[PDB]
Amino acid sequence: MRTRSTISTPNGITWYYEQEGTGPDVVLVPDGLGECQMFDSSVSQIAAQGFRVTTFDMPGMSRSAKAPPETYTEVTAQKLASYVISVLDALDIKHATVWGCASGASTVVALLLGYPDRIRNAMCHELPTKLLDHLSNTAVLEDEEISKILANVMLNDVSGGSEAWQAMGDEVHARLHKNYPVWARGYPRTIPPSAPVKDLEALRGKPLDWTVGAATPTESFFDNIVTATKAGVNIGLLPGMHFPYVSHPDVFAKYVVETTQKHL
C-alpha cells in the first residue's frame, strides 16, 4: 500500500511525497520538472523487491509548490541536496540509496559527496554540466509560451518514448504545464555551473553508478562519459533518453534494484 501525504520542513517547504514498501531506503529524486508521478510504476516494482521507496515533488513544482522563492529560483545542486536531506530528516530516513536524473543527478552526487554517512550509493543519470542557450533563452517569454515550447521539447525530442510520455495522463500534464515556466526560470542558468564533478579525486572510489541514455545524441552527455572514465566511476547506458523511468519502467526498476543490491 502506498503512502501519499505531505510533510513540512523548517526551510519553508511543504513537500508532497509518496512511500511504498519495507526494507532499506531508496529515494527517487525527480529531474528538473519536479514531478514524482513519473516514478509511479517503478515505485511499486522496486518496493516489491524488498525496499522502502520514497519519492516527492521538488520545491516550487507540482504538489510541493508551497515553498519560498529561494528554493526554486537560482537553483544549484547544493541547494537541492540541502532540501533533500531535510525531507529525509523529517521522514527519518537515516540511510538511503538515491537516484537522480539531470538536476536530480547533480543533486544526488552532491548528496553523496556532502553526506557520505547518509548515502549508501548514488545513481546519477545525464548530469548537466553545460550552459545551453536554447534553454536559457526560453525564460524571457510568456509563461504560456514556455509551457507550449517545453511541453513539445519533452514530448518529441527527449521523452525517449512518445507513447509512454503521453500515457502519463492529463493530471500529470496539467501539473507539468505549470512547472515548465518555474523550471525555465530557476534551473538551466544555475544548475550546470554548480555541477559537483569538477574534482575527480572526490569522485574516486565512491559508490556512484552513472548512466546516460542509449538513444540520447552523443553530444548531449559526452562530457559525463569522459568525466566518469577519468574518475574510475562506473558508467553505462539505460534505454531511452532523458526519462528512462517513463520510457522503460521495467528496465529502470531492475536497474535500481540491481545496483542497490550490489551495495547492500
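From 1 onward, residues are counted along the sequence shown.
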(message) Tell me which stretch, 192 to 200 or 60 to 68, has the higher mean Cα B-factor listed in the entry.
(response) 192 to 200
(message) If you average the CA temperature factors as listed in the entry, which stretch comes out higher, 34 to 42 or 201 to 209?
(response) 201 to 209
(request) From the list 172, 98, 101, 113, select the residue with the highest C-alpha B factor recorded in the entry. (result) 113
(request) Going by the CA temperature factor in the entry, name the top one among 107, 162, 179, 121. (result) 162
(request) Select lowest, middle or highest to describe the third in which the CA B-factor of residue 125 falls within its chain in this entry. (result) lowest
(request) Divide the modelled residues of the chain into thirds by Cα B-factor and specify which third, lowest, middle or highest, holds residue 49. (result) highest
(request) Select lowest, middle or highest to describe the third in which the CA B-factor of residue 9 falls within its chain in this entry. (result) middle
